[PDB]
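Since the structure comes first, as structure tokens, the remarks are kept for the end.
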Protein chains: 2
Amino acid sequence: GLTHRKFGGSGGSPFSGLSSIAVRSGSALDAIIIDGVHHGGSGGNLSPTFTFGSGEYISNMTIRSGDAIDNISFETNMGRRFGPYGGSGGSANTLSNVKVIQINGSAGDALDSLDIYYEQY
Amino acid sequence: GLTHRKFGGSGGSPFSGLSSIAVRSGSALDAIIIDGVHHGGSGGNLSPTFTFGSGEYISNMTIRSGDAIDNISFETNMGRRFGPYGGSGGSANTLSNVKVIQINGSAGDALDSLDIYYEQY
Ligand SMILES: OC[C@H]1O[C@H](O)[C@@H](O)[C@@H](O)[C@@H]1O
Ligand SMILES: OC[C@H]1O[C@H](O)[C@@H](O)[C@@H](O)[C@@H]1O
Ligand SMILES: OC[C@H]1O[C@H](O)[C@@H](O)[C@@H](O)[C@@H]1O
Ligand SMILES: OC[C@H]1O[C@H](O)[C@@H](O)[C@@H](O)[C@@H]1O
Ligand SMILES: OC[C@H]1O[C@H](O)[C@@H](O)[C@@H](O)[C@@H]1O
Ligand SMILES: OC[C@H]1O[C@H](O)[C@@H](O)[C@@H](O)[C@@H]1O
């Protein structure tokens, strides 16, 4: 199953492999750009990129979805916020008091799905 | 606490958020560059960038570590191989038959620690 293992010591400043998120969005999610890699189509407007600082991670996240992704918003453990971007369709699902680890999904001309890997607190 | 949740529908082509890895290495790990972002110092030599192909992922990995990261090697489900890069310090830790989902860690002037998130098959 899903698991996590740490290697090394205690020094240094923390970093996350999930380093930046942007979206293209209109009334729905046309694309998500994860660490600079584009996933989806070219519709909508390109949001400015959210780039995480050291020790910063998504701690709350609302995704509206139906047969596709309609809307994304999140807040980090530092209190910074992204979105909401997208429209009011689908229905909202919220992750509360989490640490998002990775954002995978599926995309074509639009953002069909997201697979969110996170730690639940 | 580590889990995952899927939102949205069935369409599109799958994508993974972890897309490329390079390292700076000498007798140990000086830096890791994940999805294009540099974490760590300026010592050692910069490795070529390993860019994951469509549907490719780390399936087997060895990390040598003590108080820092001493060496990294991995192999993928497409038979590709990365490293070993680094030295002989620390102790070997081996992941067998996995799918690496994400790499977090900690770095200053060197690579202090790695947090590997993976599915264990
Ligand atoms: O988000 C779906 C759709 O929303 C609006 O119609 C416009 O912004 C389009 O460009 C976009 O494709
Ligand atoms: O998610 C795409 C689309 O899927 C379904 O048709 C409904 O939930 C809509 O409200 C939503 O906009
Ligand atoms: O992403 C919207 C849509 O784009 C393309 O038509 C295909 O990839 C579909 O599978 C996908 O559902
Ligand atoms: O990797 C640890 C260390 O190895 C060698 O001594 C050199 O390449 C250094 O620049 C590097 O920092
Ligand atoms: O990890 C850096 C360093 O940490 C400890 O001192 C020992 O495990 C060494 O063998 C190792 O090289
Ligand atoms: O990365 C090696 C070393 O570099 C810097 O001195 C600091 O970030 C330390 O915490 C770290 O252990």
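The figures here come from the full heavy-atom set of this structure, side chains too, leaving out hydrogens, waters and symmetry mates. To find a chain, count down the sequence lines: A is the first, B the second, and so on, and within it residues start at 1.
Smallest separation of non-hydrogen atoms from B/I33 and B/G36: CG2-C, 3.5 Å. Closest approach of A/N71 and A/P84 over heavy atoms only: OD1-CB, 3.3 Å. Contact record, A/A31 with A/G41: CB-O, 3.6 Å, taken as the closest heavy-atom pair. Closest non-hydrogen pair, B/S113 versus A/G9, comes out as CB-O, 3.6 Å.
For residues 17-36 of chain B, the pairs satisfying side-chain hydrogen bond (donor to acceptor under 3.5 Å, both in side chains) are B/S19-B/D35, with sequence neighbours left out. Applying the salt bridge (charged side-chain N to carboxylate O under 4.0 Å, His left out) test to every pair with at least one member in residues 44-54 of chain B, sequence neighbours left out, gives no pairs at all. Within the structure, ring-ring contact (aromatic ring centres under 6.0 Å, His included) contacts touching residues 2-27 of chain A (residues at least two apart or in different chains) are A/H4-B/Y117, A/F15-B/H39.
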Only distances under 3.5 Å count here; give the side-chain donor-acceptor pairs of residues 87-103 of chain B to other protein atoms, sequence neighbours excluded, each with its distance to 0.1 Å.
from: B/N93; atom 1: OD1; to: B/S65; atom 2: OG; distance (Å): 3.2
from: B/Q102; atom 1: NE2; to: A/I101; atom 2: O; distance (Å): 3.0

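In this structure, B/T3 and A/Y118 have side chains that are in contact, with non-hydrogen atoms separated by less than 4.5 Å. Within the 4.5 Å cutoff, the side chain of A/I69 has no heavy atoms near those of the A/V23 side chain. Taking the side chain as every heavy atom from C-beta outward, A/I58 and A/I116 never approach each other to under 4.5 Å.
Rounded to the nearest 0.5 angstrom, B/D67 CG and A/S10 OG are separated by 7.0 Å. The distance from atom CG of A/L18 to atom CZ of A/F52, rounded to the nearest 0.5 Å, is 5.0 Å.
With hydrogens and angles ignored, the 3.5 Å screen pairs a side-chain donor or acceptor of A/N104 with a backbone N or O of B/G17. A donor-acceptor pair under 3.5 Å is absent between the side-chain atoms of B/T49 and the main chain of B/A22, judged by distance alone.
Remark: B/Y121 engages no residue in a side chain to side chain donor-acceptor pair (under 3.5 Å) (not counting sequence neighbours). Listed by chain and number, the residues in a ring pair (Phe, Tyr, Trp, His ring centres under 6.0 Å) with A/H38 amount to none (sequence neighbours excluded). A search for side-chain contact (heavy atoms from CB on, under 4.5 Å) contacts involving B/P14 returns A/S106, not counting sequence neighbours. Under the salt bridge (charged side-chain N to carboxylate O under 4.0 Å, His left out) criterion, B/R81 pairs with B/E75, sequence neighbours left out. Listed by chain and residue number, B/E56 satisfy the side chain to side chain donor-acceptor pair (under 3.5 Å) test with B/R80 (two or more places apart in sequence, or in another chain). Residues forming a ring pair (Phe, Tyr, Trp, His ring centres under 6.0 Å) with A/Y85 (at least two apart in sequence, or on another chain): A/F82.
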Working for side chain to side chain contact (heavy atoms under 4.5 Å, CB included), residues A/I72 and A/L114: CA-CA 10 Å; A/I72 304 173; A/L114 292 170; 3.7 Å; yes

Stepwise side chain to side chain contact (heavy atoms under 4.5 Å, CB included) test for A/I34 and A/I21: CA-CA 5 Å; A/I34 296 284; A/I21 295 160; 4.0 Å; yes

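Surrounding CE of A/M78 are more than 12 heavy atoms belonging to other residues, nucleotides or ligands, all under 6.0 Å away.
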